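*Asks:* Take this structure, written in structure tokens, and hold onto it; I'll ask about it next.
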Amino acid sequence: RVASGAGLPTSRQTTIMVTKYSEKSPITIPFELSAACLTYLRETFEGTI
Amino acid sequence: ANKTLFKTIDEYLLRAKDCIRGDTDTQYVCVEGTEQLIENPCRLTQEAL
């Protein structure tokens, strides 16, 4: 505030309180595998080349 | 207004001005001290544009 001259009104004291809030935005991406892929990853048989 | 040059310009700076409300659509004359005065060059030369 700034002091005013004679013959003019006076600025009053004022205080302002404000509140902010947050945003939400989850994201998703899937990936997929086949049964043969998992079977050959986990379970080898006969060990040939 | 009829006065000597230095005196007439000195008084032109001080008093020879008006004010207009800024809050309202139509041009009203304000009471003194509420808001700043308005410089009008036409008041000195007493001619329009």
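Note on naming: chains are A, B, ... as they come in the structure tokens, residues start from 1 per chain, ligands start from 1 in the order shown.
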If you take only C-alpha atoms and a cut-off of 10 Å, which residues of chain B touch chain A, and what are their nearest atom pairs and distances in Å to one decimal, in chain and number order, as JSON lines?
*Replies:*
{"residue": "B:32", "atom": "CA", "partner": "A:8", "partner_atom": "CA", "distance": 8.9}
{"residue": "B:33", "atom": "CA", "partner": "A:8", "partner_atom": "CA", "distance": 5.6}
{"residue": "B:34", "atom": "CA", "partner": "A:8", "partner_atom": "CA", "distance": 6.9}
{"residue": "B:35", "atom": "CA", "partner": "A:8", "partner_atom": "CA", "distance": 9.1}
*Asks:* Mind checking which residues fall within 12 Å of residue 12 in chain A, counting only C-alpha atoms, ignoring those fewer than 6 positions away in the same chain, and posting them as a PyMOL selection string?
*Replies:* chain A and resi 1-4
*Asks:* Could the residues in this selection be written to a file with N, CA and C atoms, as a PDB file, in the first residue's frame?
*Replies:*
ATOM      1  N   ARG A   1       0.843  -1.185   0.000  1.00  0.00           N
ATOM      2  CA  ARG A   1       0.000   0.000   0.000  1.00  0.00           C
ATOM      3  C   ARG A   1       0.882   1.239   0.000  1.00  0.00           C
ATOM      4  N   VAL A   2       0.323   2.343  -0.487  1.00  0.00           N
ATOM      5  CA  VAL A   2       1.026   3.616  -0.597  1.00  0.00           C
ATOM      6  C   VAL A   2       0.192   4.687   0.096  1.00  0.00           C
ATOM      7  N   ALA A   3       0.846   5.497   0.926  1.00  0.00           N
ATOM      8  CA  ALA A   3       0.156   6.571   1.629  1.00  0.00           C
ATOM      9  C   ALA A   3      -0.405   7.580   0.634  1.00  0.00           C
ATOM     10  N   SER A   4      -1.631   8.028   0.879  1.00  0.00           N
ATOM     11  CA  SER A   4      -2.309   8.970   0.004  1.00  0.00           C
ATOM     12  C   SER A   4      -2.217  10.381   0.570  1.00  0.00           C
TER      13      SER A   4
END
*Asks:* As an exercise, work out the distance from CA of residue 2 in chain B to CA of residue 21 in chain B in Å and give it to one decimal place.
*Replies:*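 The value is 29.5 Å.
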*Asks:* Would you work out the distance separating CA of residue 43 in chain B from CA of residue 10 in chain B, expressed in Å to one decimal?
*Replies:* 13.5 Å
